[PDB]
């Protein structure tokens, strides 16, 4: 009854097609949108699933010249004698009602998040299962998206595991630190990450205008002298900050902060960016947190009077991150991999002791969220079919 056509007709100077479905619901489709989306082989390249029709070919004032229908299809003639057929279910799916558009957006983008604090139960899967089974890899990425982190257990204690995950997704995101990189204490460290020092809460690579969406971190070797991990849900923290300190929230979401990274690794580099620490979409929703205190530049491009208040805002934000209600602490063991949303979570590390041998070794890599969502969409189709 819902995807079956009871009536189709041209309305409103023939600029609109209305469909009455057999459940009695009605849908409206602009004539211009129908012509733009003709699936015939002139207008649409089936092998690419792409529009061939040019904007230049489109009469924005077009109306339907003729229409007939049956229960599964509408058949339209256009004023220039072009002919189009549309399938009922295709049409139903692309209905312009708020409810139908939102439903489809949820299927495309998996928007649901579960916010968390110190009460987090760390979602956990087996590494080899994830590589072997689509049901597991599907659980992995959907949970990555929804919760922001998934731990995988049972990997080897050897380099190369994050690469296997990268291929399972599709491919890893290359940066100046390499395809993969080794988190360990290094002489003449080009990055505070490559020391035994404490890392306070940060996101990786705000020095790039497009920071890595997803981070993978694999414990090869762990130390007993420190080195615990800490995470916090940045979206949860920002919500608490907006409520507790609207003014600190307004400063962090409007102030451009300069980030910098100069050195040599995969390549020689001199990198500069500007970001709002709390990044809002056009509807005011937090979509990304951009913050590493190590790489925040000495250069600070704001008027002198805005400086101290910026710092006071940042301090509030960091205190919230550090609160016992927000943060979750755990310690990785050899064979553990964490995969997390590097746009939403902040992460850190406790200091540990330097020594003559390497007491501690992680391998990390990055992936792009579009690459991950692509794999998530394909996996879902496979597991539901």
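For clarity, a rigid core is taken as the largest C-alpha set superposing within 1.5 Å between two forms. Residue numbers count along the first chain shown, from 1.
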{"query": "Greater root mean square CA deviation, 173-181 compared with 254-262 in 9 other deposited structures of this protein, core aligned", "finding": "173-181"}
{"query": "Positional deviation of Cα atoms in 9 other deposited structures of this protein after core superposition, greater for 266-274 or 108-116", "finding": "266-274"}
{"query": "Stretch with the greater mean C-alpha B-factor as recorded in the entry, comparing 202-210 against 86-94", "finding": "86-94"}
{"query": "Between the two ranges 305-313 and 155-163, the one averaging a larger CA B factor in the entry", "finding": "155-163"}
{"query": "Identity of residue with top Cα B-factor, from 149, 192, 252, 267", "finding": "267"}
{"query": "Chain-wide C-alpha B factor ranking for residue 228, given as lowest, middle or highest third", "finding": "middle"}
{"query": "Position of residue 332 among the chain's modelled residues by C-alpha B-factor, lowest, middle or highest third", "finding": "highest"}
{"query": "CA B-factor ranking of residue 360, expressed as a third of its chain", "finding": "middle"}
{"query": "Position of residue 26 among the chain's modelled residues by C-alpha B-factor, lowest, middle or highest third", "finding": "highest"}
{"query": "Within-chain third of residue 75 by Cα B-factor, per the entry", "finding": "lowest"}
